[PDB]
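Novice: Give the three-dimensional model of this entry:
(5 chains, ligands or ions: 2)
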Amino acid sequence: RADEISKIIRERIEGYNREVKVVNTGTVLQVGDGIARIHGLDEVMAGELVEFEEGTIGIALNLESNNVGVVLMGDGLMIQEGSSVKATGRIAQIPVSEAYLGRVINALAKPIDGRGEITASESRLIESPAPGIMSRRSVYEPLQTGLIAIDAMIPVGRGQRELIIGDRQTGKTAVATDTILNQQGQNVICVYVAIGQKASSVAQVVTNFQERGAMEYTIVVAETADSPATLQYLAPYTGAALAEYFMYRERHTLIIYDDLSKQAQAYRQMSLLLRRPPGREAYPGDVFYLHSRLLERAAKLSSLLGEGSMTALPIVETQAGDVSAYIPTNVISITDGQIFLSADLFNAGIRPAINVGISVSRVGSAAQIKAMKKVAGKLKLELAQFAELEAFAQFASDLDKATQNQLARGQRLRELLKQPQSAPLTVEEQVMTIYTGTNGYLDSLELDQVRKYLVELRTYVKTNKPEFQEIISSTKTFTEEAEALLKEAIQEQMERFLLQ
Amino acid sequence: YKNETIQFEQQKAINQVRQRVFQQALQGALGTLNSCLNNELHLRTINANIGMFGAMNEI
Amino acid sequence: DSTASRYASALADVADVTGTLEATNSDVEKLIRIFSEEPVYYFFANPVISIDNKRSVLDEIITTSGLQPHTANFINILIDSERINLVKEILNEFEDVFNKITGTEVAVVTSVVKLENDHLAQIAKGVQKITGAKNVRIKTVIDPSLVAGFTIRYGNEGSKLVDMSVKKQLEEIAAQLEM
Amino acid sequence: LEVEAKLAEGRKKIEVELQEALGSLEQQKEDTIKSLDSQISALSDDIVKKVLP
Amino acid sequence: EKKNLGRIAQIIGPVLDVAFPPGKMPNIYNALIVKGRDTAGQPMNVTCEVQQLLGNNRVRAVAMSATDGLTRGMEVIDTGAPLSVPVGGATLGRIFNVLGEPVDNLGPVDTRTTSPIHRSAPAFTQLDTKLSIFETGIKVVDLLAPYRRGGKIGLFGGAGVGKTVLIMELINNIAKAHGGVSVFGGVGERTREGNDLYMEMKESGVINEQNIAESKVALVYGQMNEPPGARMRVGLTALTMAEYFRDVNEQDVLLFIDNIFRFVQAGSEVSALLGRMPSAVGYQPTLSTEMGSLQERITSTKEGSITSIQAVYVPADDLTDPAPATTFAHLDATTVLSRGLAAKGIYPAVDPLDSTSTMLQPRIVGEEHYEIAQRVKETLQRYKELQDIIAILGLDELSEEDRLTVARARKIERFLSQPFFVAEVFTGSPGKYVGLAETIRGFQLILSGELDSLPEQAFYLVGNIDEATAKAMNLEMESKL
Ligand SMILES: Nc1ncnc2c1ncn2[C@@H]1O[C@H](COP(=O)(O)OP(=O)(O)OP(=O)(O)O)[C@@H](O)[C@H]1O
Ligand SMILES: Nc1ncnc2c1ncn2[C@@H]1O[C@H](COP(=O)(O)OP(=O)(O)O)[C@@H](O)[C@H]1O
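Specialist: Residues are numbered from 1 along each chain as shown, chains lettered A, B, ... in the order given. Ligands and ions are numbered 1, 2, ... in the order given. Here you go:
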């Protein structure tokens, strides 16, 4: 501890062999609002990191005829109007390695949790091109989100990019966090990109992750709303670069962009500050290009590049449910499916407040296992009939018995699509729940009993009849033996619950 | 986690020691550079960098 | 470009088409200080002053300083079209286009002390080889802000650069910070 | 209630387990910096010999 | 085309400014390749298109690729021609980007023939003034919403209904029935959906992978990963590949476009980037001209005919928005695809009542065809109105004319189905081609009381009403046995 400093100073004094190289240089003209117009760099390339005299580092975005307007990845307070900007010739890389699991980082892939430093030996560009047509496959592997309503009605597959679009405070972060917690058994490297969030919100999310034990396969990229616009613009790209490293090394990943609209706002701020021509809602002409270049990186590779995939789960906040807004229409046109949330359904009790009738999934049933499709078809048909007859609920008394049956089956199928926060069902539990509900082994119970009976039944089956779980898990189909075992367990728990 | 935190304080303390050591060393280095005879020192090092700049012109 | 660029390049082109490039360089270095010293610059500015009362004293300055007539024509046109408020910028931008047309790359060598000029002509040779410049007009400044030696900014304004006085210990700091 | 008492016990343990090591490390780095102050004058010389030929 | 070398002067996003020698600069709508340099250590060129001449030896271009890693002073090569894409039978069964480069990794395509994508339409004298009926061989489309040869057709079906199977059936039918070929142009194509479509085209026999150039389609892909310059011009690249097959080969070409709304969207993006003042709801000021300069080359000359089938997206579900409103100034017919009919298994899922056509007029299709199509529409509409009463009263408590109407309507609604050549690969039924003559002769018989003593499941999933009677006899043998 007294000679280690002597050895390291000899090492670092002799490692550098006195190298000289030509460097592009420029002098600051005007610095303000996080932008610095600098004169001189006539050989700099677009997107290249330039370092200032005071230690700040910026990105050369627009290369005009006279000067190079750069965006500052920091506060341009000590910039001098005359200081020398030295170009570095590098384009926005991050160090990347498997040592990021269990760490939270900012948009430069540096720790903010203060637990040391990530020893990363490889490197990857922040803006790297997407996989082409031939380096892709068809999405067939299921991505279990743990929410029964999504897994049955709007199924998500590995390599699909599904939009968690909703209003403010309807459960979008809850849905993403439920998915990340549900990824415990499967070996999915999860990434959570907190863009412009409050720092205590990200602290709550990461403490929930550590408590539930989902921090061991997760990386959290957090750039809070005090950050410069450049870091909030760069954060989803560092997230995608880390997930791309893990994807190209034959692993399956999952990335959640929390409020892509916040990245759109950061990019709008820097584009307006660079005096660029605005468009609708003052958004620049290439904010669609912004979101599409990022979301198209979520691919299912081609089984000769390694079968790995990256599932993008971006979140977009609508205002007053105005889905015809600019950024929501962009991300809807870009993404595969949508998962709409409703404040009306949320305040009306149903959580997670998924709007199944208006949510789409363009992958479809290919993202389900063979066990799920059999109960999913009947669940979809019965829920559609309930959505049809929902107006007749006030006149349920003066109706046909078949119509009353469809109405009661609907209003007790709605009761099994309710879930509490951070309790994601496995695929066997939701297979048995959908089967019970859609056949009608709870058509006799009252609405304040369905949830309790299903909780007791699920725990009972998981404790007593593991042949059902094994036949649903190993063969991934709803076998006749599973049907018989489930009917026996339903009868047994029906007696034990009629005992009360 | 908390033991990792203590180890992080260890490494950051190592770094701050190295920083202040090197700051004092830069003061001492400019000090010893102040005593050298500037004329012959320039006649030597500028020509060394002249050979290096020829090498730079090749690379 | 700019108004300065588009006027300076025009004057340098009408100086090339009838070869007076040394005469026009002497003319513009005279006019730079003739239009410095802000009373006269203000007077040819201050749009309240009439163009005839400008043109009279301007032709007087023509006759006394013995300038070339086409540079005098250029200043007359700058009085005509109201771009005389940028005469300082035009005259200062004339040098870059003159060096572009005359094959010269001007390259400072900012060192602490005066050089012995054999290695300075070596730096001239290096900067002219590496850029294709025919005859570099190297300049130096006695500036003790450096530590040990010299460095050269060449290219357009100062765009390219190689630095050996302080960059060694700068890399040593970059090693010691280790981040 | 008792696991809340254990949650409180963790804090009583962490205060000692951090602050004792912290005091050791503070005094260690202080001794190591004021010890090196006699030697850094000599350790500056190799940097001089490295930068100038 | 020569040593007309430019130098980049500005790089502001995907919009460049190039400086040139004082006498030699390209025209507007002229390609120029940027001899750029990748940071990795290799050169890589970027294609741009001139949009505007700016003054002192300076133009303003729009890059078809990305502009990251470009410096000011890169050598820009003027080319003297517009964007030139390969054309001919060499572009069949292959995937192209906006520049005519192959991106299917099968190898290179031989640029033996290259046409420019910027071209004037056929002349007023060279236009064909005849009103022909494009025959798709699909019963519902041919009977109730006829297609025009040389006209445009809007697909309005949402995601999940039989859209891709429908366009693959249209490709296979224009290849097998007529001597025509097809050209798919993907404006804003999602990459994984592009790969899925290419795989299904390889599998359905449309793209003969065991032997290319026997294929029936050419794919052009302008993807979302690409800048707004490529996504706008990919429709023109596809239209040029189709116009070669019309002009030189004299075929009946079928030009499939993906969402023509994303064509308008990329146009508005490039206008916002070039800085022009927006139009009414924020679209480009050159909206109608940008649309018309595309849609006017989809015509029928004296040689062949291009018929376009363009998917149409309506923003905010209104038909008065400028992009739907200016697209509908060119549509000759319209097919809506029904989620309900796709649910209840009436594939092809075309809605019979909500699908319109301006070809359905007596002067154009014959008084017989018009009257039978109107009678089928009346029958289906009466059944749609009567479903609630049949849910309340029943078929028995109706009247006799209403009951025969309901039965004939169920038979007609099941007769609008069809087994497809390209949907056979998972359904198994051999797939049928039904011309218009057999369609109207079968609907005359199913509408007048000549075939009323048949089961409803006898007309379902057949073509050619003789097959309906044959399957009816087999379904009755099932009872006799
Ligand atoms: N399935 C659920 N069950 C019970 N409570 C829920 C559920 N989903 C969300 N909530 C509650 O709703 C509130 C908001 O949740 P959440 O933060 O997920 O919404 P949000 O849309 O991310 O909010 P914001 O709009 O501020 O980002 C939280 O208090 C959470 O506890
Ligand atoms: N004629 C048909 N016969 C049987 N099945 C069909 C027919 N047309 C469509 N389908 C089924 O309906 C589904 C429609 O999907 P598709 O049209 O490919 O979706 P998209 O419109 O998003 O491309 C397909 O999976 C196909 O299996």
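
Novice: List the residues that contact the one residue in chain B that gets nearest to ligand 2.
Specialist: Ligand 2 sits closest to residue B:1 of chain B, with a gap of 47.8 Å, by CB to the nearest ligand atom. Any C-beta I mention is one placed from the backbone N, CA and C, and that applies to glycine too. Each residue near residue B:1 by CB atoms under 8 Å, 6 or more residues apart in numbering or on different chains is listed here: residue A:115.

Novice: redo that, cut-off 6 Å
Specialist: Not one residue lies near residue B:1 by CB atoms under 6 Å, 6 or more residues apart in numbering or on different chains.

Novice: Ok, residue E:126 next?
Specialist: residue E:301.

Novice: Next one: it from residue A:405, what distance?
Specialist: Separation of residue E:126 from residue A:405 (CB to CB, to the nearest Å): 66 Å.

Novice: what ranges do the helices span in chain D?
Specialist: Along chain D, counting by DSSP state H, helices occupy D:2-36, D:40-43, D:45-51.

Novice: Pull out the buried positions in the second one.
Specialist: Right, the one you point to is helix D:40-43. Across helix D:40-43, burial judged by 16 or more other CB atoms under 10 Å in any protein chain shown covers D:40, D:43.

Novice: check whether it contacts chain A.
Specialist: No. Using CB under 6 Å from any CB of the partner chain, helix D:40-43 stays clear of chain A, coming no nearer than 6.7 Å.

Novice: hmm, that helix touching chain C?
Specialist: No. Helix D:40-43 lies apart from chain C when judged by CB under 6 Å from any CB; the minimum separation is 12.1 Å.

Novice: now for the helices of chain D, which one comes closest to residue C:100?
Specialist: Among the helices of chain D, helix D:45-51 comes nearest to residue C:100, with 37.6 Å by CB to CB.

Novice: From the structure, what's the count of residues near the closest residue to chain B within the stretch 201-350 of chain E?
Specialist: Nearest residue of the stretch 201-350 of chain E to chain B, counting by CB to the nearest CB: residue E:227, 36.0 Å away. The number of residues packed near residue E:227 is 26, by other CB atoms under 10 Å in any protein chain shown.

Novice: Who's the closest spatial neighbour of it, skipping the chain neighbours?
Specialist: In space, residue E:227 comes closest to residue E:14 once its chain neighbours are excluded; the distance is 4.3 Å by CB to CB, 6 or more residues apart in numbering or on different chains.

Novice: Now for that neighbour: which residues touch it?
Specialist: Shown in contact with residue E:14 (CB under 6 Å, 6+ apart): E:63, E:67, E:227.

Novice: Please parse the chain into its domains.
Specialist: Unless you meant another one, I'm taking chain A. Domains of chain A are assigned by curated CATH domains as A:16-90, A:91-368, A:369-500.

Novice: actually chain E
Specialist: For chain E, curated CATH domains gives the domain ranges E:1-82, E:83-359, E:360-481.

Novice: The longest one near ligand 2 at all?
Specialist: Yes. In terms of CB under 6 Å from any ligand atom, part of domain E:83-359 sits within range of ligand 2, namely E:159, E:160, E:161, E:162, E:163, E:164, E:165, E:347, E:348.

Novice: Now for residue E:463: which residues touch it?
Specialist: So residue E:463 contacts E:418, E:432, E:434 (CB under 6 Å, 6+ apart).

Novice: nearest residue to it other than its sequence neighbours?
Specialist: Leaving aside its chain neighbours, residue E:463 sits nearest to residue E:432 (3.3 Å; criterion: CB to CB, 6+ apart).

Novice: element containing the one you found?
Specialist: Here residue E:432 is covered by no helix or strand, with elements defined by DSSP states H and E.

Novice: thinking again about what came up before, right, so the domains of chain E: which one is the most enclosed?
Specialist: Mean neighbour count (mean count of other CB atoms under 10 Å in any protein chain shown) peaks for domain E:83-359 among the domains of chain E, with a mean of 20.

Novice: Packing partners of the one helix or strand residue A:243 maps to?
Specialist: Mapping residue A:243 onto the secondary structure by DSSP H and E places it in helix A:229-248. With contacts defined as 3 or more CB pairs under 6 Å, 6 or more residues apart in numbering or on different chains; DSSP states H and E, helix A:229-248 has these neighbours: strand A:93-96, strand A:188-195, strand A:218-223, strand A:252-258, helix A:260-273.

Novice: what's next to the helix or strand just after the first one, contact-wise?
Specialist: Per DSSP H and E, strand A:93-96 leads on to strand A:104-105 as the next helix or strand towards the C-terminus. With CB under 6 Å, 6+ apart as the test, strand A:104-105 has contacts from A:111, A:112, A:113, A:206, A:220, A:221, A:222.

Novice: list the contacts for the residue of chain D found nearest chain B?
Specialist: At 4.1 Å from chain B, residue D:44 is the closest residue in chain D, using CB to the nearest CB. Applying CB under 6 Å, 6+ apart, we find residue D:44 in contact with B:25, B:28, B:29.

Novice: So which of the residues you listed reach chain D?
Specialist: Checking the contacts of residue D:44 against chain D (CB under 6 Å from any CB), the matches are B:25, B:28, B:29.

Novice: how much space between the second one and residue B:35?
Specialist: Meaning residue B:28. Counting by CB to CB, the gap between residue B:28 and residue B:35 amounts to 11 Å.

Novice: Looking at the two, which is more packed in?
Specialist: A side-by-side neighbour count of residue B:28 and residue B:35, using other CB under 10 Å, places residue B:28 first with 18 against 6.
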